[PDB]
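You are given structure tokens for the same protein chain in two forms, set apart as structure 1 and structure 2.
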Structure 1
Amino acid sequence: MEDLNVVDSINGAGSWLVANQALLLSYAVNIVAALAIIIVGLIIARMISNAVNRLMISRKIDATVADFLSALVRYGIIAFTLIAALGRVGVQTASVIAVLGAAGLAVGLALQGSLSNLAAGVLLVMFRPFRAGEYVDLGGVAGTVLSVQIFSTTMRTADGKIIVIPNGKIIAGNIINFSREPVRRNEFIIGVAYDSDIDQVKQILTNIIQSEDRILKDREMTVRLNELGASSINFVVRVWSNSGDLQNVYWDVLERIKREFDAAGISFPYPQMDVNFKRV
């Protein structure tokens, strides 16, 4: 029992190697496994770091951002290696992994702003509330869609502007649509003076909305007195047309109204006001 005579006291049948080689070899495999973990983590960090820098230099990137992310991944793998080795050698790594988990939860609550956009993009792809050429209205901005991507949706406004809008923002609102339904409805409102005959007005409006051709006849065509107003009675007029003709139908019916009324004698009224004069 050489190690028994080298340093430790005998104290009588104290053959500590025969009953301690298990623990000694446990320490040995601990330090050797620590070495192996360190060296393997080192070489794997090098390999994966250069590999990601390569496979990122191909696609559109920035140089400083590339170096930043590559070194970030390198240091992350290095930190995992170091923590694993510390745990393997005997140090209670509970605190370092507790603060590591706190930091990870922080990063997650940070990325939450964009992971939502990614998920919403996936859902808009799989459910298809609209296609590329579809003319839509996403939360107050209306214009022909141009493309749907993973993080955002590009749509050209009717004035030529190009709006990039994030997906997570539109999936949480009313996705109105305009090319889904083929036939839609216009709504004129024609305030006239209070002395105008109602029969004549309704006759004129019915003749006008009958003479038209893009106006669908197999549906409702309303010409009713809708409201007694401050200076004028308002007539509502509702007619249906295809999604294509809508605006031109509006303009044509509107100019025909402007001509027919002035031909008949019906008068659009200026804002009226009654004054009671009294000198002082």
Structure 2
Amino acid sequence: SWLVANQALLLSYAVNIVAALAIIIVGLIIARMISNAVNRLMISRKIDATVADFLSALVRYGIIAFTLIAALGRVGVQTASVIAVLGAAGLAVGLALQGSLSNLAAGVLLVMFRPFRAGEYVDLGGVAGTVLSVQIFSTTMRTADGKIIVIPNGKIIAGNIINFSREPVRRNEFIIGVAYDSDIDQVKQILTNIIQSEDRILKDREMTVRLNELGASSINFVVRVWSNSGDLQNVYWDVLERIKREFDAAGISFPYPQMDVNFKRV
């Protein structure tokens, strides 16, 4: 006759049981509700059936799983084990997604800081080109050849960034080879006359015409000038052509590879 005497014990367990069932059913209707709601809000963005609908299904499963674990705890069964396995799974998936998340974070930083603007000619680790646009997970640029390149944001931020366009003026360099016999002063004079004649070069800024080094086959002269970024490339070509003409007119000779032979007959 312990039953009549333990009515209170029965009350305690019965309220817990009905509360657990109530939790199950309320969580079920809550899950239905949340599932329809998430779709209602998800349709706004572009939506792919094979993936986007799938992820809403994932959410449904996650909610019912949480409510179920909670219910099992309500019943009075230790859920620490299921919590542990769940946490291991979550950690693993987070590790897997770390890579993509890094690209996302980089992209955000690059967007707010703006190291390079759109439409600028830059290089991002050996790939010169003009940027077209920036995106969340990736960057898009066009090469000189015309090929399109896509590069992940996370990869570029780590590497060095070079922005030719940001600087208005840039410097040029020429190297020239001539024979040993030829006079130094004559060549220097000619080169000075040439560079002086040009107009797209900045007089105020430095100009260098000296003998940098002595090659084995021939001596080498170095020339340095400064010009606007836009006209740089044209300047190079024009100067080079003028040099070729002027040297042949002057009498200087360009050097071929040089060989000296000691020559005996056996």
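Numbers follow structure 1, counted from its first residue as 1. Between two forms, the rigid core is the largest collection of C-alphas that superpose within 1.5 Å.
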item	value
Identity of the moved residue from 231, 211, 248, 58, C-alpha shift 2 angstroms or more, core fit between structures 1 and 2	58
C-alpha of residue 21 moved at least 2 Å between structures 1 and 2 on rigid core	yes
Rigid core fit then residue 30 CA moved by 2 Å or more between structures 1 and 2	yes
Threshold 2 Å Cα movement between structures 1 and 2 for residue 220, core superposed	no
Shift in Å of the residue 175 Cα between structures 1 and 2 [rigid core superposition]	0.5
Core-fitted comparison between structures 1 and 2 - CA shift at residue 72, Å	1.9
